[PDB]
Amino acid sequence: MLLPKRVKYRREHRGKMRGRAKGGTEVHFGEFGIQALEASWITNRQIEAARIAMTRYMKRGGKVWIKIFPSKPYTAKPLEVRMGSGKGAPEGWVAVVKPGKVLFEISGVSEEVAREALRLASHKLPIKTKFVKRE
Amino acid sequence: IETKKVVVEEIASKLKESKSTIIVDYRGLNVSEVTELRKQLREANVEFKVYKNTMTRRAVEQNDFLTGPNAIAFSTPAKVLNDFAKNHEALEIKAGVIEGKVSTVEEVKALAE
Amino acid sequence: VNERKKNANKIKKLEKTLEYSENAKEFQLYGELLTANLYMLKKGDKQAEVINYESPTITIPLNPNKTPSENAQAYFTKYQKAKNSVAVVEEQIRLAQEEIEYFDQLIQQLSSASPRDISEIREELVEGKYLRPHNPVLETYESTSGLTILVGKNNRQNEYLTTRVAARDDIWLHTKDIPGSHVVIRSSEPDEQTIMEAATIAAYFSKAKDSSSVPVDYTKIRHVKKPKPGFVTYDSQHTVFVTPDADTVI
Amino acid sequence: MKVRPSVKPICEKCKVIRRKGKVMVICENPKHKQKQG
Amino acid sequence: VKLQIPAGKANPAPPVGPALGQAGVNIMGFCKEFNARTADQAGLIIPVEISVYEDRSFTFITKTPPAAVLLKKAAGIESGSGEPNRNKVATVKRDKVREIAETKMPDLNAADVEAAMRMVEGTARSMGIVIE
RNA sequence: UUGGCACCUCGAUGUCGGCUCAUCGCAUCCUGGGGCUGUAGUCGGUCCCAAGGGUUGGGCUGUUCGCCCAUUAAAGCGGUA
RNA sequence: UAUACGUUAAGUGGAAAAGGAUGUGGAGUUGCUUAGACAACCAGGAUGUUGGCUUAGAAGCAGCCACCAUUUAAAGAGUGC
């Protein structure tokens, strides 16, 4: 459950996930990676689920290199409450994702193993994905 | 491709080098009996190998018996062969040749005699 | 003392609890016999008159619903389980006994202590996290042959002296018994006068001070085992019966 | 049967087919028998 | 049917008793017959084959010891490597390689001494032995 | 369901529970027909098709709900201000 | 009830996702392939060896490590039961 240690503002606007990514569109730390085909917010619980999933499938395998970090916080008012009276309290932390963006990489491991692990992770994630490799 | 070319080449080579050779089936026998045959021909100094019918024919012309399963036994032999055959009796001893003279079943048997 | 006494009673609990689940070998032997006799046996039977491989004749019970294979495998399973639990309890025993011996040596040191080593012992225990909140190591006095014999009532300072303040061929003198301090002269190779004088310093700061029957063990530092803390074994050792002494030991 | 939308083969002998426009799985192992619905 | 049995120890029941109780033959007379033939190094785990015709006509054949047995007697060790190629813990000599080769030449397929040696070398790789 | 928004209704839309009267859906409680089973049998579990019919009487509580007694093939979940 | 070219066959059109699938249409890359491929049928599918460790037992297949050599046309110190 990743966390930014320190932040300026505990409360931010949400934003808009228009367009494609700026960077991180291609694997370069590792060999076999995964990228997105949509745009969405992703949570520390999602990423750690995917991470531990692939690492359990691999059991010693090489290196991973996540390519993101949930910097963004997201609020949520308490339950059964009218509107207004200030912005809701923070709940967790979020990473924002554009399409064309690489999320997880892999090295030290064969292609079939990598593809299967990333499949497993994709099923923990909400969005549509693609298997990718380095050029 | 060229690999198969090389293969048929050396087959014709060892063929023309030999002057006794026998052509048999390998079907209906276990690897144990097979290796028994192999060992007794190793000590006999009688070579024995396994090839495909098509490339075998290409080597020969570089006839009718060449179909079906076919292994070959070079003596640059028939005794040990027919002994193994009388022992096990799940074989074909279909053909032979000597000095390039195509030997009949009865003729290779006679050399075994 | 509260902690050491607690650990002692803890292992007492564990031991008197251990005496009630010890049916491992029976199940092992039963599984052996059943796998040996897995051809005379019906599925549906209650008992089995069976011989041990001394040729007794044992009647092993069965589950009349199961196969002999299933039953024997269940016996192996129970053996496995009892084996596991006993291993657990024995590990806990080892832990507790290590702790108890650590605290017993610690109390020996605290009995034969000086404030300079007590200040170190406190930090040692805070490091062990039993508590909460730099070269001075040893303390010495006179000895035979006009020699100097250094010691430390603290376990940590004693170890610092034994390791960093002497060589391997030097001699360490300590108790030949349960618990006492550790002390030696720098390259302790002096006469039998000093050999017997070190025994007095050993018997003074020991588990039983003023005990007139305390044997001291003298051994080459080359065989001083630096294996909890201060769990130092020893070899290349001799032992001499001795007794406590007065401040003339200084 | 094992009715489910995530229909797959399980063992190598499991054989996917289509029947009446529906997807189904065949195997000698009936527990591997599946269908979408 | 194969049985891995020390020579002088016959009728240590629990392994072997079942080995023929399905056959139903005399276990112990057979065992002492096995000892009588295998008046050998007790502990030498002989591979003995047995063949029983349906009428209880049992005939058994002792054979050369295993490669692992001979190599553990050579190195004087108890066990091969728990993780060979991560921790080699055993070693024996090329002369001993020749010796065990020349020993078990009759049984193997390899007419070549050196090929039999290669077989034993693969075995040594499997059990964590190096050669000198 | 608890709720959020305030769109009709404040020149009046009566609001819990119960009685009578039923009616509809099926994500079926029983009955019917099947697959699988860690389904021996008897009983079961789970899933699938099926809404034709049926789906108890009492004690306590205003109660709904719930607990309890005794039965039943079963004592279904909900909508209809 | 037009013209020409194609697509779909679900009544999609005429309601919706994750995910799943020898659905089909159009291209494009690539391996093998009449010195004979894919499937099918016949036969073989072995030896050190039961690879060693662990295990009461682990013998190709509880698990750790390794995964070599021989007969070899080839047989994995082993794909699944």
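Chains as they are written, first to last, in the numbering used here: chain W, 1208 to 1342; chain S, 12 to 124; chain H, 114 to 363; chain F, 291 to 327; chain C, 2 to 133. By construction, the Cβ of each residue, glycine as well, lies at the ideal position given by its N, Cα and C atoms.
Asked	Found
Closer than 8 Å to chain H by CB, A14 of chain C	yes
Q73 of chain S in three-state terms, based on DSSP	coil
DSSP beta-bridge partners of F1311 of chain W	W:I1241, W:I1273
Three-state secondary structure assigned by DSSP to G22 of chain C	helix
Cβ of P107 of chain C within 8 Å of any chain H Cβ	no
Cβ neighbours of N64 of chain S in the same chain (closer than 8 Å, five flanking residues each side left out)	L77, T78, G79, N81
Beta-carbon neighbours of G81 of chain C, restricted to chain H and to distances below 8 Å	What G81 of chain C touches in chain H: nothing, since even the nearest Cβ is about 25 Å away.
Span of the beta strand (DSSP E), counted from its first residue to its last, around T170 of chain H	170-174
DSSP-derived helix/strand/coil call for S1329 of chain W	helix
Other residues of its chain near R1217 of chain W: CB distance less than 8 Å, five sequence neighbours each side excluded	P1280, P1297
The stretch 186-197 of chain H in contact with the stretch 137-152 of chain H per 3-pair CB rule at 8 Å	yes
Start and end residues, alpha helix (DSSP H) containing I363 of chain H	Premise fails: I363 of chain H is in no alpha helix (DSSP H) and is neither H nor E.
Alpha-carbon to alpha-carbon, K339 of chain H and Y143 of chain H	45 Å
Residue-level contact to chain C via CB, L260 of chain H, 8 Å cutoff	no
Residue-level contact to chain H via CB, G9 of chain C, 8 Å cutoff	no
When W:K1335, W:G1295, W:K1294, W:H1330 are compared against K1305 of chain W, the one with the closest alpha-carbon	W:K1335
C-beta neighbour in chain H for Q5 of chain C, strict 8 Å	no
Residue-level contact to chain C via CB, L151 of chain H, 8 Å cutoff	yes
Where the alpha helix (DSSP H) containing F31 of chain C begins and where it ends	28-38
Contact check, residue 63 of chain H vs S294 of chain H, beta carbons under 8 Å	The question about residue 63 of chain H has no answer, for chain H in this structure spans 114 to 363.
Residue ranges of each alpha helix (DSSP H) within the stretch 228-264 of chain H, 4 or longer	228-240
Residues of the stretch 124-158 of chain H with Cβ closer than 8 Å to any Cβ of chain C, in chain order	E145, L146, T148, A149, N150, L151, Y152, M153
Segment limits, beta strand (DSSP E) that includes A82 of chain S	82-86
Same chain only: Cβ atoms within 7 Å of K15 of chain S, ignoring 5 sequence neighbours per side	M66
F1311 of chain W classed as buried or exposed, judged by whether at least 16 other C-beta atoms fall within 10 angstroms	buried
Beta-bridge partners of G293 of chain H, as assigned by DSSP	H:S319
CB contact below 8 Å: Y166 of chain H versus chain C	yes
Beta-carbon proximity of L274 of chain H to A312 of chain H, cut-off 8 Å	no
Chain-ordered neighbours of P19 of chain C on chain H, where CB pairs are closer than 9 Å	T148, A149, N150, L151, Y152
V315 of chain F - containing beta strand (DSSP E), residue span	312-316
Beta carbon of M1261 of chain W nearer than 8 Å to that of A1328 of chain W	yes
Beta-carbon proximity check, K94 of chain C vs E133 of chain C, cutoff 8 Å	yes
Proximal residues of chain H, C-beta to C-beta of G22 of chain C below 9 Å	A149, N150, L151, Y152, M153
Residue environment, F59 of chain S, which counts as buried when at least 16 other CB atoms sit within 10 Å	buried
Best match in W:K1308, W:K1337, W:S1247, W:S1278 for proximity to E1233 of chain W [C-alpha to C-alpha]	W:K1308
Under the three-state DSSP convention, the category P328 of chain H falls into	strand
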